Amino acid sequence: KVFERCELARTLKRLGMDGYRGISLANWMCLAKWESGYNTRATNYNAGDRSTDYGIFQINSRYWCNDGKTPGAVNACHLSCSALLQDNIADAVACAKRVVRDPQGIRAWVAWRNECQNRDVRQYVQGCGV
């Protein structure tokens with residue numbers, strides 16, 4: 001499913017993302033916008049290391065979820081990658097929280113660094129009443 005913008009902002013707030021380890025909800029919204037356009041079924045394959053990015057935050061198959069076909073798969077979220085392609089995003093949020101408990105924090109996503117870092121992310125939550 002493709003979430004509406006305020007619909008996703010409220011769901012991420014309900015699920016405890018706002019201010020998780022100091023990361024505001026607007027940053028999480030900018031990350032999902034540039035990673036998937038708020039789409040839970042987005043999947044991007046990466047020819048180099050033969051890993052795939054899954055779901056609304058585009059979480060990678062080498063380090064975080066297991067799809068069974070990626071070399072060097074670490075599966076730090078202890079999640080099948082299929083769980084990141086569901087319309088319910090509770091498992092995608094738990095895994096995104098595990099990613100930012102490692103030292104890099106949200107800098108783990110290159111799209112955050114190249115597109116959200118030093119951009120005004122308040123635009124992403126305006127009018128959602130969150």
# chains A, B, ... in the order shown; residues from 1 in each chain; ligands from 1
call {"tool": "residues_around", "arguments": {"residues": "residue A:4", "least_positions_apart": "4", "cutoff": "12 Å", "atoms": "only C-alpha atoms", "output": "PyMOL selection string"}}
result
chain A and resi 8-11+29+32-33+37-40+124-125+128
call {"tool": "select_by_dssp", "arguments": {"residues": "stretch 1-85 of chain A", "states": "strand (DSSP E or B)", "output": "ChimeraX atom specification"}}
result
/A:2,20,23,39,43-46,51-54,59-60,65-66,79-80
call {"tool": "closest_residue", "arguments": {"among": "A:25, A:12, A:56, A:121", "to": "residue A:87", "atoms": "only C-alpha atoms"}}
result
A:56
call {"tool": "residues_around", "arguments": {"residues": "residue A:99", "least_positions_apart": "3", "cutoff": "12 Å", "atoms": "only C-alpha atoms", "output": "list in words"}}
result
residues 20, 21, 57, 58, 59, 60, 63, 64, 65, 75, 76, 77, 78, 92, 93, 94, 95, 96, 102, 103, 104, 105, 106, 107, 108 and 109 of chain A
call {"tool": "write_last_selection", "arguments": {"atoms": "C-alpha atoms", "output": "PDB file, in the first residue's frame"}}
result
ATOM      1  CA  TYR A  20      13.352   7.774  19.036  1.00  0.00           C
ATOM      2  CA  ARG A  21      16.973   8.277  19.951  1.00  0.00           C
ATOM      3  CA  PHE A  57      12.261   2.423   4.523  1.00  0.00           C
ATOM      4  CA  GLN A  58      14.086   0.257   1.902  1.00  0.00           C
ATOM      5  CA  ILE A  59      15.810  -1.919   4.483  1.00  0.00           C
ATOM      6  CA  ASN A  60      18.644  -3.985   2.979  1.00  0.00           C
ATOM      7  CA  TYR A  63      22.596  -6.665   6.896  1.00  0.00           C
ATOM      8  CA  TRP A  64      19.076  -6.456   8.210  1.00  0.00           C
ATOM      9  CA  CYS A  65      16.397  -8.853   6.953  1.00  0.00           C
ATOM     10  CA  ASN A  75      19.945 -10.642   9.388  1.00  0.00           C
ATOM     11  CA  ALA A  76      20.370  -8.307  12.357  1.00  0.00           C
ATOM     12  CA  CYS A  77      16.620  -7.633  12.556  1.00  0.00           C
ATOM     13  CA  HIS A  78      15.894 -11.399  12.768  1.00  0.00           C
ATOM     14  CA  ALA A  92       9.333  -2.473   9.404  1.00  0.00           C
ATOM     15  CA  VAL A  93       9.319   0.106  12.318  1.00  0.00           C
ATOM     16  CA  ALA A  94      10.890  -2.438  14.809  1.00  0.00           C
ATOM     17  CA  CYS A  95      13.650  -3.167  12.260  1.00  0.00           C
ATOM     18  CA  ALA A  96      14.193   0.595  11.503  1.00  0.00           C
ATOM     19  CA  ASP A 102      23.965   0.698  15.836  1.00  0.00           C
ATOM     20  CA  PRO A 103      26.664   3.543  15.963  1.00  0.00           C
ATOM     21  CA  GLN A 104      25.866   5.097  12.555  1.00  0.00           C
ATOM     22  CA  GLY A 105      22.274   5.681  13.592  1.00  0.00           C
ATOM     23  CA  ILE A 106      20.108   7.039  10.782  1.00  0.00           C
ATOM     24  CA  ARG A 107      23.246   7.800   8.673  1.00  0.00           C
ATOM     25  CA  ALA A 108      23.025   4.080   7.766  1.00  0.00           C
ATOM     26  CA  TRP A 109      20.669   5.119   4.944  1.00  0.00           C
TER      27      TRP A 109
END
call {"tool": "closest_residue", "arguments": {"among": "A:14, A:113, A:101, A:5", "to": "residue A:126", "atoms": "only C-alpha atoms"}}
result
A:5
call {"tool": "closest_residue", "arguments": {"among": "A:6, A:46, A:55, A:129", "to": "residue A:90", "atoms": "only C-alpha atoms"}}
result
A:55
call {"tool": "closest_residue", "arguments": {"among": "A:1, A:7, A:34, A:19", "to": "residue A:111", "atoms": "only C-alpha atoms"}}
result
A:34
call {"tool": "closest_residue", "arguments": {"among": "A:84, A:79, A:73, A:100", "to": "residue A:53", "atoms": "only C-alpha atoms"}}
result
A:84
call {"tool": "closest_residue", "arguments": {"among": "A:13, A:119, A:69, A:97", "to": "residue A:49", "atoms": "only C-alpha atoms"}}
result
A:69
call {"tool": "select_by_dssp", "arguments": {"residues": "chain A", "states": "helix (DSSP H, G or I)", "output": "number ranges by chain"}}
result
A: 5-14, 25-36, 81-85, 90-100, 105-108, 110-115, 122-125
call {"tool": "atom_distance", "arguments": {"atom1": "atom CA of residue A:36", "atom2": "atom CA of residue A:54"}}
result
9.1 Å
call {"tool": "atom_distance", "arguments": {"atom1": "atom CA of residue A:47", "atom2": "atom CA of residue A:70"}}
result
11.0 Å
call {"tool": "atom_distance", "arguments": {"atom1": "atom CA of residue A:91", "atom2": "atom CA of residue A:51"}}
result
19.6 Å
